[PDB]
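Novice: model the following, please.
(one chain, ligands or ions: 1)
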Amino acid sequence: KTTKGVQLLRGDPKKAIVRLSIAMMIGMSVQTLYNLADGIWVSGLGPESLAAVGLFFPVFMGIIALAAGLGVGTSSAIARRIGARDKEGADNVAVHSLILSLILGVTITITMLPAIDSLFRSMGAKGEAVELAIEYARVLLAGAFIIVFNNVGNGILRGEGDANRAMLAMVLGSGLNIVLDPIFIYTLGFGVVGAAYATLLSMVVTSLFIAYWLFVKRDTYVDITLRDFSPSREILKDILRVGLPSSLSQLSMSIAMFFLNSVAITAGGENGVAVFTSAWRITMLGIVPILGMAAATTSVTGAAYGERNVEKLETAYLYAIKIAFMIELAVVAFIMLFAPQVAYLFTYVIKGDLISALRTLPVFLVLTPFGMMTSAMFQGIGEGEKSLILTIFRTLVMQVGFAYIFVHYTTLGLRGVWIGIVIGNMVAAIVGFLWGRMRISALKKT
Ligand SMILES: CCCCCCCC/C=C\CCCCCCCC(=O)OC[C@H](O)CO
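Specialist: Numbers count the residues shown, from 1 in each chain. The protein structure is shown below:
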């Protein structure tokens, strides 16, 4: 009645942080590799194919945000029950989360399918452009349930500390999508819609593995059955108090990027937006280790909170920050030193401005862990609303705010955008860190 994952969660927090975060970073790196490769295949199909992907992209990211939001709500709620040695509670959360995956996933499909035509056209698309985007979108929308299920499955695994399988499920899915991409797009000649089917099939296979582990081998720590299922308002509210604000955090980010783009356009037009796009994509690569660490932090602080061990929660939180800080130091030094080389490789025009960008913009990555791990621990203790507030403050008030100030009130132009983004992120990192310290001392008094 105990797994390696549960032993890990109930063990030394530093050991748990390292194991989980390495596992998440590996899984997320394969997801990143898939994305880069798919970007390349699609690029060679022409403007009409890119524009079709472009039309669906906000919807698709919205679907990811909802799925991953439910996943982290699930992870946190399970980790806390396990820490509290509430086995029946952990079982019931898992069952609840799986029923929610069906409700959410299918709702996404049935709501968007009849909406996408009007949506794409309202975006300014006409005739053939509309038709191609719909062919592409409907394949992916068909798998909305699968996506949510996979994310919930991953959430359950992370919640009970099973770093190994959570990682494996990510590797299998993105790895299979990497294999199927050139075969569906070019070999079978399906073009852009081929990329959608490669993705749909990859997700289906992932779900088959997860369903096998959960329902056939039944070798997770949590027991999952409908025989023992009694609807719980408290469980539903617990999941959504982390899950909904997590999803909304992605929305805040998306809105922020829109404004950031408009500022880049104001400063540099098509040239400026191109430089920003490239510099941001490269800098977001440095974000990957932080995300893996955040996922670890949520599970580990959750378990500690359930155990009512504030010392343990604080240790995991601060150790996560320290490790992410060190990693980011190396990442930033690397990009800063090798900016011309890095630019050369991602461009194949905008070289000089991109090099400047790569030697200013990535600086904020060094302070990101202080805010992001705080957000992850807020989620671990179940207070997702605080994580959302911090996310809004960083992305919309600080990032966009300062970027706007430097461009409208100074003569820095493009460089002012990078500087504003850096300054904004760093202020938010300090505020978030201070809030986390305050929250923790409050815990010690409670
Ligand atoms: C454009 C070029 C793109 C190149 C694309 C390369 C794709 C590499 C994919 C996976 C390897 C990454 C390392 C994966 C390590 C996984 C370790 C693991 O999952 O362990 C399972 C566990 O041991 C169960 O017993």
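
Novice: show me the contacts for the residue lying closest to residue 162 once chain neighbours are set aside.
Specialist: Spatially, and ignoring its direct neighbours in sequence, residue 162 is nearest to residue 5 (3.9 Å; C-beta to C-beta, 6 or more residues apart in numbering). All C-beta atoms are positioned from the backbone trio N, CA, C, and that covers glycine. Going by C-beta atoms under 8 Å, 6 or more residues apart in numbering, residue 5 touches 157, 160, 161, 162, 163, 164, 221.

Novice: let me see the contact set for the fifth one.
Specialist: With contacts defined as C-beta under 8 Å, 6+ apart, the neighbours of residue 163 are 5, 8, 19, 20, 22, 23, 24.

Novice: what's the closest of the residues you listed to the ligand?
Specialist: Distance to the ligand across the contacts of residue 163 (C-beta to the nearest ligand atom) is lowest for residue 23, with 8.0 Å.

Novice: pretty sure that closest one contacts residue 167?
Specialist: Yes. Counting by C-beta atoms under 8 Å, residue 23 touches residue 167, with 4.0 Å between them.

Novice: which SSE is residue 100 in?
Specialist: helix 87-112 (DSSP states H and E).

Novice: now do the buried residues in that helix.
Specialist: 89-98, 100-101, 104-105, 108-109, 112 (16 or more other C-beta atoms under 10 Å).

Novice: which helices and strands does the helix or strand in which residue 342 is found pack with?
Specialist: Under the criterion of DSSP H and E, residue 342 resides in helix 339-347. Where contact means 3 or more C-beta pairs under 8 Å, 6 or more residues apart in numbering; DSSP states H and E, helix 339-347 is packed against helix 233-285, helix 351-358.

Novice: contact partners for residue 256?
Specialist: Residue 256 neighbours (C-beta under 8 Å, 6+ apart): 395, 396, 399, 400.

Novice: helix, strand or coil for residue 39?
Specialist: helix (DSSP: H, G, I helix; E, B strand; the rest coil).

Novice: quick check: the residue nearest to residue 162 vs residue 300, distance?
Specialist: As judged by C-beta to C-beta, to the nearest Å, residue 5 and residue 300 stand 12 Å apart.

Novice: same check on residue 222?
Specialist: As for residue 222, its distance to residue 300 is 18 Å (criterion: C-beta to C-beta).

Novice: more neighbours, those two?
Specialist: Neighbour count, other C-beta atoms under 10 Å: between residue 222 and residue 300, residue 300 has more, with 34 against 24.

Novice: SS state for the more buried one?
Specialist: helix.

Novice: do the same with residue 146
Specialist: helix.

Novice: for the nearest residue to it once chain neighbours are set aside, what is the enclosing helix or strand?
Specialist: Excluding the flanking residues, the one nearest residue 146 by C-beta to C-beta, 6+ apart is residue 203, at 4.6 Å. Secondary structure assignment for residue 203, by DSSP H and E: helix 192-211.

Novice: off-centre distance for the strand or helix carrying residue 334?
Specialist: In this assignment (DSSP H and E), residue 334 forms part of helix 310-337. Relative to its chain's centre, helix 310-337 lies at 18 Å (C-alpha atoms, centre = their mean, to the nearest Å).

Novice: how about stretch 153-163?
Specialist: 16 Å.

Novice: so, in contact with the ligand or not, that stretch?
Specialist: No. Stretch 153-163 does not reach the ligand (C-beta under 6 Å from any ligand atom); its nearest approach is 9.7 Å.

Novice: report the contact partners of the closest residue to residue 246 other than its chain neighbours.
Specialist: Take residue 246 and drop its neighbours on the chain: the residue closest to it by C-beta to C-beta, 6+ apart is residue 69, 4.0 Å away. Residue 69 makes contact with 242, 243, 244, 245, 246, 247, 248, 250 under the criterion C-beta under 8 Å, 6+ apart.

Novice: number of residues surrounding the second one?
Specialist: The reference is to residue 243. 28.

Novice: which residues of this protein lie near the ligand?
Specialist: So the chain meets the ligand at 26, 30, 33, 37, 164, 167, 168, 171, 175, 178 (C-beta under 6 Å from any ligand atom).
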